[PDB]
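What follows is one structure encoded as structure tokens, with my remarks underneath.
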Amino acid sequence: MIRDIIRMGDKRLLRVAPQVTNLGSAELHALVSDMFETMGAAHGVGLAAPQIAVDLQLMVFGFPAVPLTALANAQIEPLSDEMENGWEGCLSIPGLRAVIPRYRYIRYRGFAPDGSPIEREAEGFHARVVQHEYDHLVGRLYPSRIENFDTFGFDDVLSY
Ligand SMILES: O=C(CSC(=O)[C@H](Cc1ccccc1)CC(F)(F)F)c1ccccc1
Ligand code: NI
Ligand code: NI
Ligand code: NI
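In the authors' numbering, the protein residues as written are 1 to 63, 73 to 169.
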């Protein structure tokens, strides 16, 4: 079941989400399946539960190949201070994109929907997706991270 994605301006994207506590359950499995379908229909590479107005620490991502992943109760830590600039957009901000700095190298930990633990090092684009989705879980959107406002604009127009 494809879910409506809420758009920037909705207060529900500004919340700090609570932890998932129904790992291995049918209800979580149905939510995650809905999230992959929703992401798929929207042509995304990530989707966070607050974007479909579900207040939980849950994201799905994947597609430089990023493994298809469902991640609950995510924790992230940089593995160096090295930042890298790259293009981001957001399903809740359709048509736009900007250049955003992120950590080039991270580790992320949490749980798969069946309750097994996940722990991975990631770099580049893989790492960026995860940081971007993690931001949704703490009520943060990418415009609050732009440094160079010349890069912010509509996808079909931008020539940076
Ligand atoms: O459609 C997008 C941009 S929209 C998107 O998928 C967001 C994830 C994202 C894309 C690119 C960089 C960082 C995060 C998801 C959000 F909005 F749910 F939180 C795309 C970008 C690069 C390659 C292929 C497709
Ligand atoms: Ni399509
Ligand atoms: Ni987003
Ligand atoms: Ni490497």
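Built from N, CA and C at the ideal position, the CB exists for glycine as well.
Apart from the 5 residues on each side of it in sequence, residue 83 sits with its Cβ closer than 8 Å to the Cβ of 57, 59, 117, 118, 119, 139, 142, 143, 146 in its chain, given in chain order.
Here residue 132 is near residue 114, since their CB atoms are less than 8 Å apart. Taking a cut-off of 8 Å for Cβ pairs, the stretch 33 to 43 and the stretch 84 to 97 do not touch, as fewer than three such pairs fall below it. The beta-bridge partner set that DSSP reports for residue 78 consists of 61.
Around residue 13, the same chain offers 6, 50, 51, 101, 145, 148, 150 as residues with beta carbons nearer than 8 Å, after the five sequence neighbours per side are excluded.
Less than 8 Å separates the beta-carbon of residue 104 from that of residue 163. Excluding sequence positions up to five before and after residue 73, its CB lies within less than 6 Å of the CB of 134, all in the same chain and listed in chain order.
In this structure, residue 55 and residue 122 do not form a Cβ contact; the two beta carbons are roughly 17 Å apart against a cut-off of 8 Å.
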